[PDB]
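Shown here is one chain on its own, the form deposited in one PDB entry, set out as structure tokens.
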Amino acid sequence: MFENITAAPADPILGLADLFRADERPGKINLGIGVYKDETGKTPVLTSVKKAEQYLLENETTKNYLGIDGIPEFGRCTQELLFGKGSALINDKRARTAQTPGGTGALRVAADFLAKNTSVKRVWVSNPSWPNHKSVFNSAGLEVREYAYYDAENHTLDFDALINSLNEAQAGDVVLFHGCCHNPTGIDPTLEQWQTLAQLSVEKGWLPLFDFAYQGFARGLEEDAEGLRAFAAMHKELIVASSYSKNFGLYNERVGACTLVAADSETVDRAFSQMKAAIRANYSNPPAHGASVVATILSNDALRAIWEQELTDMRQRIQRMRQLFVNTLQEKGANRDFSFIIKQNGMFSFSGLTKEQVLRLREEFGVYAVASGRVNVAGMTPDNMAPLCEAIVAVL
């Protein structure tokens, strides 16, 4: 039955990992990671989560199944994090959250629910975007269309081409927006742009689907939710898939959520039951551990206070690396201008290097980057900055 099965293509990001871990070169740098790293080049487990894990180890009396939608406190907590502490969506109880296996798992459940309980079949994704977005939607049987976003020349959001692209989208179509820290460009709409985007969305009848994977990595927890909150107060319905992989350093515990918002409680409840049915036919119920950690931290202020400080430390380190980067390049001399790097949020950004340049960088200097020229700023340290910038200058 499997004798003629075709081998799957190598993942653009994942495949690069193995080539890196084979390059025996002394002084090699990997910027195609996609995970946060500290000044030491390590992805440590947060102290606040380590504390939350001790608490659980002492307090858990059972490992009995969670409800299809996971732990209640986790749900309530994510909602307050996303829509605001005193949000109308929360008081009118128009929202329902299901704990899921990471953000990717949240997108797949949203995809299956949508594909089986509604008239949607087209999902609009930006160009470029996280490569796995297409695969997730396609596996659900949904079609993927792309709208313009990036501006190769100015290295900015091409708002006009964006609007122009979305116009061919119809009412009943899903439009996917990155909440903040756009992957792979790091270019995010300003509040005014989010606002016009929210109005256009309401007029055209789009169904907003927010992928919120980096809350707290652009400007702050609340600031980063402005866009989502703009659509939220404007729309009767929307879906938001969130991940706690980055902001909690909980990558491998698969902790995320899928929030469903409807015009009212009666309708949101009826739609949520069908979302639970989609989960039941997938993995049954979600993994408690990582979610348990998030719920205890967010519901205790001693713990939540430590966590917030640990997050701002992470955010600030990335911002310092973008600056150190521009400086060190602009210092090691070369006709160019990487000022746009300082204007971009999060861990990623397009270095503006050509396919050949990134290939030569890898082959000749041991600097590793996604073929698209996507670079992870959190993979840079005060220590590797110089040789890194020297190699880049040598390929310009």
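Think of the rigid core as the biggest set of C-alphas that the two forms share within 1.5 Å after superposition. Start at 1 and count along the sequence shown; that's the residue number.
- The higher RMS C-alpha distance to the shown form in 4 other deposited structures of this protein, out of 288-296 and 322-330, belongs to 322-330, with every structure fitted on the core.
- For 40-48 versus 355-363, the mean Cα distance to the shown form in 4 other deposited structures of this protein after rigid core alignment is larger for 355-363.
- Comparing the deposited coordinates for 43-51 and 337-345, the stretch with the larger average C-alpha B-factor is 337-345.
- According to the PDB record, 194-202 carries the higher mean C-alpha B-factor of the two stretches 218-226 and 194-202.
- Annotation for 150, 307, 231, 272: 150 ranks highest, by Cα B-factor.
- The residue among 111, 163, 98, 255 whose C-alpha carries the highest B-factor in the deposited model is 163.
- Remark: residue 276 belongs to the lowest third of its chain, ranked by C-alpha B-factor as recorded.
- For residue 211, the recorded CA temperature factor ranks within the lowest third of the chain's modelled residues.
- Sort the modelled residues of the chain by CA B factor and residue 295 lands in the lowest third.
- When the modelled residues of the chain are ordered by their C-alpha B factor, residue 120 lands in the middle third.
- The deposited CA B-factor of residue 60 belongs to the lowest third of values across its chain.
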